Amino acid sequence: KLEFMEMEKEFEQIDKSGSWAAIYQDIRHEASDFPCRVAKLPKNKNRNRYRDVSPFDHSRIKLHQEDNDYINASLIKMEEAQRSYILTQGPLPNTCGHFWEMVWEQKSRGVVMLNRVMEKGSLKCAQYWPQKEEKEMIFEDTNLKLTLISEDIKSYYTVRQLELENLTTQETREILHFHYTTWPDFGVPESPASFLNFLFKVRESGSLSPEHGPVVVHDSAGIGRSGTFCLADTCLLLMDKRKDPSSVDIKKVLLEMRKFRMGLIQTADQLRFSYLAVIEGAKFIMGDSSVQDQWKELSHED
Ligand SMILES: [Cl-]
Ligand SMILES: [Cl-]
Ligand SMILES: [Cl-]
Ligand SMILES: [Cl-]
Ligand SMILES: [Cl-]
Ligand SMILES: [Cl-]
Ligand SMILES: [Mg+2]
Ligand SMILES: [Mg+2]
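The sequence shown begins at 497 in the authors' numbering and counts up one residue at a time.
What follows is the structure in structure tokens.
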């Protein structure tokens, strides 16, 4: 029979009335406000890409190595869902060593990049990983070596296998890089299918496993596209744990995530897209496995 999920009925009411902007601004109005004193210290000015996007002190990731422990990155710890994410800005030319130090120290297995290095004529992220196997990168400040092992290029995203080595202990780890290359700044994915096909690739890699440290997610500021990716993933995980779409309150989950980093989801259309992604993803969560193959085809990755 036909049965609308509660979220589908809410989506339709909002769409019909054209109230996405109002719904979104209300979330902005109710969002948490916490201090970012460390982010604002004079010595950290050059460690921040945007003066208006900073990590709260209570949830910021601290680098381990007495000199300066600051990186613009936040731990989004979703207690009910039991999954954590580190959301961070695209690293700067002087913070690529810090970025990989954070990946090492936090034991992350995957890095999710949702932007291109150049967008709208400006450099939104440093070229922080090696583009050629034979041109490995050594971060002198943090003593790490990063090598490109292989890459699988699809039409709108690429997955790279990287080797990160702590030169101090000579221990090495495989880091998976998931790079979404067709998601515009302040925009939305081409379709729920393209987005979900990508999120499922990250999921299938095992990078979100609780056995690993938190996946690192970023775009340029690390709040819009990054927020959309984590909101959709957490909502789908909550639905999955309970096998009940009705126990999922998307706006409530977003406000919970905003307790850990400011400005997650930057436009009303990103919020609308998040609903679309969760509604479509619910089909797979609730047992229609065949939809994953459908997304792969509609995504036109090949
Ligand atoms: Cl200072
Ligand atoms: Cl790029
Ligand atoms: Cl451009
Ligand atoms: Cl840069
Ligand atoms: Cl763009
Ligand atoms: Cl905001
Ligand atoms: Mg705390
Ligand atoms: Mg080696």
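In this text, a Cβ means the ideal position worked out from N, Cα and C, and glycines have one as well.
query = How should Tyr-581 be labelled, buried or exposed, when 16 other C-beta atoms within 10 angstroms of its C-beta is the threshold for buried?
reply = By one-based count along the sequence shown, residue 581 stands at place 85. By the 10 Å Cβ count, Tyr-581 comes out buried.
request  = Could you tell me which residues DSSP pairs with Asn-662 in its beta bridges?
outcome  = The residue you call residue 662 lines up with position 166 of the sequence shown. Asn-662 pairs with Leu-640, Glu-667.
Where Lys-558 falls: helix, strand or coil (DSSP) = In the sequence shown, counting from the first residue as 1, residue 558 sits at position 62. Correct three-state label for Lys-558: strand.
Unbroken alpha helix (DSSP H) run spanning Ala-569, endpoints = Translated into positions along the sequence shown, residue 569 becomes position 73. Not the alpha helix (DSSP H): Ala-569 falls in the beta strand (DSSP E), residues 566 to 574.
message = Please return the same chain residues whose Cβ sits closer than 6 Å to the Cβ of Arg-605, not counting the five positions on each side in sequence.
response = By one-based count along the sequence shown, residue 605 stands at place 109. So the list reads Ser-703, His-708, once near-sequence residues are dropped.
request  = Helix, strand or coil for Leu-619, going by three-state DSSP, please let me know.
outcome  = Within the sequence shown, numbered from 1, the residue matching residue 619 stands at position 123. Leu-619 falls in the strand class under three-state DSSP.
task = Closer than 6 Å by C-beta to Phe-691: which residues in its own chain qualify, once you throw out the five before and the five after it? Chain order, please.
result = Along the sequence shown, read from residue 1 onward, the residue named residue 691 stands at position 195. Around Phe-691: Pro-685, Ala-773.
request  = Just the C-alpha distance for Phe-769 and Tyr-546, rounded to the nearest angstrom, thanks.
outcome  = Residue mapping note: residue 769 aligns to position 273 of the sequence shown, counting from 1. Residue mapping note: residue 546 aligns to position 50 of the sequence shown, counting from 1. Approximately 25 Å between the Cα atoms of the pair.
request  = Over the uninterrupted beta strand (DSSP E) stretch that includes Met-609, give me the two end residues.
outcome  = Locating residue 609 in the sequence shown gives position 113, counting from the first residue. From DSSP, the beta strand (DSSP E) with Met-609 extends over 606 to 609.
task = Name the residue from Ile-645, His-560, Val-744, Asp-548 whose alpha carbon lies nearest to the alpha carbon of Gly-718.
result = The residue you call residue 718 lines up with position 222 of the sequence shown. Nearest C-alpha to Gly-718: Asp-548.
ask   = If you pair each beta-carbon of the region 665 to 681 with each one of the region 777 to 787, do three or more pairs fall below 8 Å?
value = no
task = Taking only heavy atoms of ligand 2 into account, decide whether any of them is closer than 7 Å to the Cβ of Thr-677.
result = Within the sequence shown, numbered from 1, the residue matching residue 677 stands at position 181. Answer for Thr-677: yes, Cβ within range of ligand 2.
Distance CB(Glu-797)-CB(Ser-705) smaller than 8 Å = Here residue 797 refers to the residue found at position 301 when the sequence shown is read from its first residue. Here residue 705 refers to the residue found at position 209 when the sequence shown is read from its first residue. Not closer than 8 Å, so no.
inquiry  = Judging by CA-CA distance, which residue of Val-749, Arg-543, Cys-621 is the nearest neighbour of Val-534?
reply    = For the purposes of this step, residue 534 is taken as the residue at position 38 of the sequence shown. Among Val-749, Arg-543, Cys-621, the Cα nearest to that of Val-534 belongs to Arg-543.
task = Kindly indicate which residue of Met-503, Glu-597, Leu-537, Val-599 has the alpha-carbon position closest to the one of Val-744.
result = Your numbering for residue 744 matches position 248 in the sequence shown. Nearest C-alpha to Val-744: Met-503.
query = Which whole-angstrom value is the C-beta distance of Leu-663 and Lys-631, which I expect to be below 8 Å?
reply = Taking the sequence shown and counting its residues from 1, the one referred to as residue 663 is at position 167. Taking the sequence shown and counting its residues from 1, the one referred to as residue 631 is at position 135. Not quite, the Cβ-Cβ distance comes to about 17 Å (not below 8 Å), so this is no contact.
task = State the start and end residues of the unbroken beta strand (DSSP E) segment that holds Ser-705.
result = Here the question's residue 705 lines up with position 209 in the sequence shown. Looking at the DSSP string, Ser-705 is not in any beta strand (DSSP E), and its letter there is neither H nor E.
Beta-carbon proximity list for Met-501, same chain, < 6 Å, skipping 5 on both sides = Position 5 of the sequence shown, counting from 1, holds the residue named residue 501. Here the set comprises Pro-741.
query = Shortest alpha-carbon distance to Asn-540 belongs to which of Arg-579, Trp-516, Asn-590, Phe-530?
reply = The count along the sequence shown starts at 1 and reaches residue 540 at position 44. Minimum Cα distance to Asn-540 is reached at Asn-590.
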